[PDB]
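K.L.:
Quick one: the structure is below, and I'll ask about it shortly.
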Amino acid sequence: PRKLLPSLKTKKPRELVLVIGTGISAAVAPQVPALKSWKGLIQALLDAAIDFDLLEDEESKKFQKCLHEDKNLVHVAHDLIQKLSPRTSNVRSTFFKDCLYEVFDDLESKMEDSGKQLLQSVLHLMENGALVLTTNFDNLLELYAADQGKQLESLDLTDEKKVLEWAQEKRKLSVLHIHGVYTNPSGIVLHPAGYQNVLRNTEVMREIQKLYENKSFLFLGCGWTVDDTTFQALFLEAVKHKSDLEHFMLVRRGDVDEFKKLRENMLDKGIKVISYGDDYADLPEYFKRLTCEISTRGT
Amino acid sequence: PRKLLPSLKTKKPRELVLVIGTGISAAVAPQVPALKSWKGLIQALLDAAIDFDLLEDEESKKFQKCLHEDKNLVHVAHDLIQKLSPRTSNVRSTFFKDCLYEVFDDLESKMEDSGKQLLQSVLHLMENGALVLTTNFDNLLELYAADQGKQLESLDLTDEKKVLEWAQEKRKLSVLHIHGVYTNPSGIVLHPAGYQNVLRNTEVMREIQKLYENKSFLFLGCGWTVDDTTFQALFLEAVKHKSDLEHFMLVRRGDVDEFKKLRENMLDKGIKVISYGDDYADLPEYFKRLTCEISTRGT
Amino acid sequence: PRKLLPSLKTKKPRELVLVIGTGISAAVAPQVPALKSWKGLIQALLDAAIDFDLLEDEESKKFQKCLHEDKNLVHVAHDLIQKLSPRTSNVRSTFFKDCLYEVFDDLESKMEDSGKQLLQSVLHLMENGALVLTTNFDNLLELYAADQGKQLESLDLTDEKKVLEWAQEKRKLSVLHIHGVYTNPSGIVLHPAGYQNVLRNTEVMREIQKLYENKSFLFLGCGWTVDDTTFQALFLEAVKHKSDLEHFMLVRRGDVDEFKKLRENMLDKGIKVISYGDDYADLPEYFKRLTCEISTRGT
Amino acid sequence: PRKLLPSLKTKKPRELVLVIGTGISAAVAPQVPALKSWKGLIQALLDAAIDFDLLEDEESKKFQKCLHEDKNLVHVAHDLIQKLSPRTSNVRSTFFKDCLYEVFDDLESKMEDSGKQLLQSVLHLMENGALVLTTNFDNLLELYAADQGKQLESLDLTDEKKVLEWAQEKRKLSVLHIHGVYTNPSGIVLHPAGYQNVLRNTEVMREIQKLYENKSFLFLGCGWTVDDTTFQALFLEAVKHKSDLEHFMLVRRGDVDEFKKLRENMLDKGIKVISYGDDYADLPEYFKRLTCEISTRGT
Amino acid sequence: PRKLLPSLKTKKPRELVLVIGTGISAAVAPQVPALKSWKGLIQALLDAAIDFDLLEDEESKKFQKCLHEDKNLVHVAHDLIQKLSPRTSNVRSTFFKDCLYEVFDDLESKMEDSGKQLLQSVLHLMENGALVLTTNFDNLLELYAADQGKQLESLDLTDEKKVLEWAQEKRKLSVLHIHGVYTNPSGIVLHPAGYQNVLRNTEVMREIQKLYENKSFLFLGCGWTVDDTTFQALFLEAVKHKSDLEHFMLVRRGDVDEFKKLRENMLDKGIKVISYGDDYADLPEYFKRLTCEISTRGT
């Protein structure tokens with residue numbers, strides 16, 4: 001039932017950037033164990049590796065214990081890729097690409113109108129000439145933009161040249177991935193070395209400063225999605241000025257204390273917070289009236 | 001059924017001062033109880049900040065009790081401000097500013113002509129040399145100043161040099177606010193600290209002594225607000241031979257006992273109390289009689 | 001019961017190549033000395049030839065002891081093309097044919113419909129413009145197409161004009177016995193004279209090379225599908241040439257270390273693999289799932 | 001092991017032509033020596049039990065030594081017959097006819113029942129549309145076919161019309177004698193003039209030469225047949241298509257040279273050699289099976 | 001004894017006409033002057049006439065000498081007949097019939113057992129419908145019918161209505177004694193008057209000519225019946241078919257050179273010759289076996 005916070009309502013779309021997270025996948029296909037949990041992603045890819053015969057039943061017991069070894073799942077996942085598969089410079093090496101193509105298909109069938117109303121709002125924000133960044137293996141945004149009649153161009157960390165062009169504010173039609181993409185598993189980075197090899201283009205950290213001070217971001221995700229390791233590293237090594245940052249997260253009006261705690265946590269982080277609702281299909285209408293009223297005020 | 005007083009009409013406008021409260025805002029935009037009186041603004045903040053989830057339940061109970069209580073408006077304001085403000089003030093901070101922006105919400109949306117005829121009348125006194133001072137966040141004259149082209153700006157707290165030049169009659173057009181500048185919400189000057197913040201520039205009060213002794217003052221839309229502690233301190237600092245002066249007042253009531261007691265306190269201030277304007281038209285017609293001539297061809 | 005491979009699922013019918021190994025025709029007739037093994041084929045040919053009074057024991061039983069060597073026998077059988085028939089080749093002689101026509105018997109009667117599922121799948125793929133190669137003398141596919149009411153043509157690597165039309169997808173009416181079909185024994189290409197024949201008609205060599213580079217093959221039967229002598233010679237040179245290409249072969253789970261090392265060697269050549277325990281019944285089931293995918297990609 | 005070879009088996013009844021050589025008449029009716037060879041035929045001139053063989057006992061011993069000499073016996077038997085019956089020139093007689101008829105009458109108790117199985121086969125194919133022809137001096141087939149119920153007509157090289165009307169496939173229920181037959185004594189020729197009768201009838205030569213290139217000719221008991229000067233005059237003469245005829249001989253095979261020798265010369269003429277196991281009884285077993293296959297393929 | 005010589009044995013009773021000189025009686029009884037050859041019948045007729053004292057000395061010398069000299073008997077016998085059988089009213093006599101009664105006396109004792117076998121076989125053929133004609137005026141076959149228990153009707157050309165029924169087969173078991181008969185003196189002739197007596201009924205003449213062209217004729221011991229001008233004039237001198245005529249004669253191998261010489265003479269005349277025996281009994285041994293063939297083929 002909720003309403004425009006004037007700070008946003010007064011901000012112009014020209015100011016804005018957004019982050020994409022789990023809530024879109026949770027609208028589309030929340031039954032999929034992996035899309036709710038990265039230890040569920042380990043289970044799913046372990047099932048596929050067993051179906052492939054990459055590693056034995058005794059290894060399957062060790063990897064089941066790895067499901068129980070929660071936290072730093074980003075690192076555990078890098079290790080599991082490398083345990084299963086080499087990072088070769090040559091050959092379209094098989095089983096791993098197939099394994100992710102199997103996980104990538106048959107999400108598009110699931111797409112709810114709840115997703116379509118987020119997506120239409122999002123597409124208008126994109127059309128306003130913004131920048132967008134994603135945690136998501138899921139790419140529903142790119143495909144559905146084509147159902148809405150439009151191209152979408154998707155970008156990845158190892159395409160560091162396009163990371164730079166996104167940060168330079170140049171690319172319209174644009175989304176950046178931190179993690180998986182349908183293009184090539186080789187794009188993936190998950191151990192800290194892969195991430196920091198991109199960050200070692202240190203001028204990009206100075207463009208992260210420019211954006212993070214100057215513009216206003218809005219985030220979709222678990223909220224812990226800003227707390228995930230490379231998000232912490234990339235943003236916090238770029239900006240020490242917790243005072244001078246300029247940007248928001250979206251949060252669920254479930255338990256009152258979850259959003260209070262998160263609001264204070266983000267305040268302590270140097271980050272801004274807004275709340276909507278518990279339900280995973282209450283967000284779209286809230287987001288729609290919010291979005292068109294911002295873009296029509298920007299007009 | 002209403003009349004002018006000869007001593008007011010016989011002064012030259014350079015001789016006159018005016019003091020303004022909520023009834024003029026009710027002439028510009030009667031639409032909200034907040035515009036009729038400050039108590040409605042408490043209900044507006046309560047509604048808005050609950051709708052945000054920026055008021056929690058015990059905070060809401062305090063402000064519900066403020067609506068029961070009606071303390072001195074200084075203490076109402078301080079009570080309201082202090083719980084309304086969530087903060088850790090190293091970061092630039094936000095939420096109370098949005099609450100003001102939604103509670104005010106850009107009153108071009110609520111305009112009416114009867115109030116703007118009052119503004120044009122008072123402003124013409126200022127053209128032939130009159131001065132004006134006022135309580136609230138109601139920048140409404142400044143809306144009409146942008147319509148009428150007599151260049152004007154809103155002053156409170158921080159610019160005592162400019163206040164001195166205007167009180168020193170070096171410039172005719174400026175607007176003086178007294179509660180504190182709304183763009184400093186946690187700061188708001190409705191506290192005992194406001195008495196000492198005026199004392200920082202007793203030289204501004206020295207010109208206000210000169211004005212209050214020499215000039216004749218007209219009081220509009222005011223009430224017990226001018227018997228609240230900040231106005232008591234201002235008046236004691238302005239003159240102590242307090243009864244002797246000539247000043248005029250127009251007011252309405254809840255019951256006649258208010259007007260008996262108010263007329264005694266007004267006369268102790270030097271002020272003569274009159275009643276009309278159950279609806280606006282009495283004041284425009286009183287101003288039509290006071291203007292002498294609309295054609296400007298006889299005199 | 002077991003997972004399709006996405007990378008294989010991707011391609012159009014027109015895009016794909018299919019090869020019918022000796023294990024596959026042995027699934028078309030799981031009772032047949034002509035198909036059980038090459039050692040069995042030679043043994044049965046010789047023993048059947050003496051059963052018709054065509055030959056004498058001295059050479060035959062001495063070479064039978066040589067069969068215990070299990071090796072060189074493919075070319076020793078071509079040396080037997082000298083030995084076995086009394087020889088003239090311009091006059092329409094019979095004895096070599098008499099053996100191979102005693103061998104090409106029972107035909108359809110041995111087929112399970114389960115094998116016919118695979119053959120029907122092939123027939124619908126060939127209807128969509130696909131292309132079929134086989135290691136086998138035996139036109140059981142063409143006879144099955146006539147059982148389901150329509151012509152297929154039987155074709156040889158000594159009928160190079162029709163091989164070129166077949167290879168360009170034009171002669172989809174025809175099925176290419178790589179070693180030649182039983183019907184005309186002099187035609188046969190398991191003989192090194194047939195390997196030379198692929199060079200003698202350069203268009204055959206070109207079409208093999210062209211098709212490897214341009215398009216993806218799916219290979220079926222046994223390790224011996226790849227390993228048998230003409231396949232080893234022609235097709236392993238094509239993967240001595242290199243472009244990191246993608247191709248497919250079907251295997252049973254078996255000895256997993258041999259399977260792994262084979263899979264590695266195949267990957268090093270440029271081939272991708274599918275592997276399951278307990279042999280036959282899953283191959284028709286899985287192949288039919290793949291067939292409807294390819295069929296829907298055609299339509 | 002008495003299995004059936006393919007290339008012969010391919011044919012339906014009308015496609016085939018059957019040559020009944022001297023040994024089959026002997027095999028069909030062995031109760032008198034006279035059938036059993038050309039030495040038997042000449043011996044029959046001596047088997048005469050009446051005074052009017054026109055020779056001396058010393059001339060009889062000379063011609064007995066001609067049987068020891070392996071002489072020009074086809075012509076020498078004619079010369080002997082001309083010396084046995086010099087009536088005047090071409091005038092009528094009884095004595096040759098009396099000898100012949102007394103030898104040749106009463107055939108059906110002189111038969112084998114296994115020989116009646118062979119003749120059953122002959123008749124069965126002939127009614128199913130064959131061509132049947134003989135050298136031999138005996139209507140054995142016609143009399144046995146009358147015992148079966150069939151009113152068979154006997155033909156020879158006197159009425160060239162009847163030879164050709166057999167050749168047209170028209171004379172169902174008829175049998176054709178080339179060297180001649182007893183019931184028509186003045187039609188018999190062992191000398192060249194009988195061969196000259198068909199060489200003169202170029203239309204019969206054209207039928208035999210048509211049957212030679214395209215049709216299949218098969219020969220039974222035929223150790224001499226294909227090497228008869230009469231056969232070479234009747235058959236080969238104009239046409240050299242020997243490389244591409246489709247013709248067949250059966251003989252008992254027990255030494256390797258028997259097939260090798262026979263094959264080489266037969267392939268020079270254009271004919272295909274076939275084994276049977278151990279004795280002549282195997283040949284009616286093979287040929288009766290082949291006959292019911294020819295019938296069932298035809299009808 | 002003689003083996004069978006089929007060509008004569010073929011003939012049915014109604015296909016048979018038997019030619020009867022004395023020679024049947026010669027073979028039956030070679031010891032009697034009346035029987036040896038037709039000159040012996042005329043000698044016995046002359047002997048009977050001389051015992052009756054009927055004839056002149058110079059006529060008797062003429063007859064005896066002419067019968068020994070092998071002259072043409074027709075005129076010798078006719079002269080004896082007309083001398084004995086004068087033809088007026090008062091100068092008339094029977095004597096030639098009375099001489100026939102003396103000549104053919106006691107023949108049933110005179111017969112050999114071979115001769116009785118011959119006559120039994122002839123009578124058996126006559127009862128089975130065989131046709132018979134005789135130059136003898138005799139009762140000899142009518143006497144052997146009496147031996148057997150049978151009787152026969154005796155005719156000459158001038159008994160023209162009964163001879164027409166004989167000739168038209170209506171009187172089988174009647175016998176025509178061409179030259180006259182023991183029942184009738186006026187008929188008896190061997191002459192152009194005999195050709196007239198054949199003509200005397202033209203239907204009888206036409207039947208007689210028809211027999212020799214159409215039927216088969218058999219001659220036995222015809223040591224003059226070959227030369228009868230009556231038999232010559234129609235059969236030898238007015239039938240053209242001599243090459244083709246299916247006629248038969250039995251002659252005795254008393255010398256093989258007599259048989260060669262007689263074969264030459266008779267086949268030149270138009271008469272076809274068959275050879276038998278050392279002595280006359282060999283003809284009855286064949287003739288009974290032959291008679292059984294004739295009757296069984298006639299049945």
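Naming scheme: A, B, ... for chains in displayed order of the structure tokens; residues 1 onward per chain; ligands 1 onward as shown.
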Would you kindly return, as a ChimeraX atom specification, each protein, DNA or RNA residue with an atom no farther than 6 Å from any atom of residue 155 of chain B, considering only C-alpha atoms and excluding same-chain residues fewer than 2 positions away?
P.N.:
/B:175-177
K.L.:
With chain C fixed, least-squares superpose chain B over all its C-alpha atoms paired in order and give the RMSD in Å.
P.N.:
3.1 Å
K.L.:
Taking the chain letters and numbering used in this document, name the residues of segment 105-171 of chain C that DSSP puts in alpha helix (DSSP H), as a count of residues only.
P.N.:
31
K.L.:
Write out as a ChimeraX atom specification the residues lying within 10 Å of residue 249 of chain D, counting only C-alpha atoms and excluding same-chain residues fewer than 2 positions away.
P.N.:
/D:8,217-223,226,247,251,262-263,266,271-275
K.L.:
Do me a favour and pick out the residues of chain E within 8 Å of chain D, using only C-alpha atoms, as number ranges by chain.
P.N.:
E: 2-7, 243-244
K.L.:
Which distance in Å separates atom CA of residue 30 of chain D and atom CA of residue 115 of chain D, to one decimal?
P.N.:
9.4 Å
K.L.:
Could you list, as a VMD selection string, every residue within 8 Å of residue 135 of chain A, counting only C-alpha atoms and ignoring same-chain residues fewer than 3 positions away?
P.N.:
chain A and resid 19 to 22 177 to 179 225
K.L.:
Taking 4 positions as the minimum chain separation for residues in the same chain, which residues sit within 12 Å of residue 210 of chain D when counting only C-alpha atoms? Answer as a ChimeraX atom specification.
P.N.:
/D:15-17,167-168,202-206,214-217,235-236,238-241,245-246
K.L.:
Pull C-alpha atoms from the residues just selected and write them as a PDB file, in the first residue's frame.
P.N.:
```pdb
ATOM      1  CA  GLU D  15      13.144 -66.829 -67.109  1.00  0.00           C
ATOM      2  CA  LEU D  16      14.718 -70.331 -67.190  1.00  0.00           C
ATOM      3  CA  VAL D  17      15.475 -72.872 -69.967  1.00  0.00           C
ATOM      4  CA  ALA D 167      10.431 -71.811 -78.880  1.00  0.00           C
ATOM      5  CA  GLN D 168       7.585 -69.204 -78.803  1.00  0.00           C
ATOM      6  CA  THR D 202      17.863 -68.774 -88.264  1.00  0.00           C
ATOM      7  CA  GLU D 203      14.624 -67.887 -86.413  1.00  0.00           C
ATOM      8  CA  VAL D 204      15.169 -70.878 -84.015  1.00  0.00           C
ATOM      9  CA  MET D 205      18.854 -69.793 -83.843  1.00  0.00           C
ATOM     10  CA  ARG D 206      17.618 -66.287 -82.818  1.00  0.00           C
ATOM     11  CA  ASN D 214      19.378 -62.731 -71.194  1.00  0.00           C
ATOM     12  CA  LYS D 215      17.556 -65.869 -70.022  1.00  0.00           C
ATOM     13  CA  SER D 216      19.106 -68.573 -67.915  1.00  0.00           C
ATOM     14  CA  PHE D 217      19.985 -71.969 -69.493  1.00  0.00           C
ATOM     15  CA  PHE D 235      23.722 -72.309 -79.427  1.00  0.00           C
ATOM     16  CA  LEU D 236      26.902 -70.195 -79.691  1.00  0.00           C
ATOM     17  CA  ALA D 238      26.833 -65.886 -84.130  1.00  0.00           C
ATOM     18  CA  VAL D 239      26.839 -64.311 -80.620  1.00  0.00           C
ATOM     19  CA  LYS D 240      29.834 -63.699 -78.237  1.00  0.00           C
ATOM     20  CA  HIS D 241      27.929 -62.456 -75.084  1.00  0.00           C
ATOM     21  CA  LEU D 245      25.060 -64.928 -69.753  1.00  0.00           C
ATOM     22  CA  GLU D 246      23.336 -66.284 -66.545  1.00  0.00           C
TER      23      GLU D 246
END
```
K.L.:
How many Å separate atom CA of residue 85 of chain E from atom CA of residue 224 of chain E?
P.N.:
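Computing it gives 23.2 Å between the two atoms.
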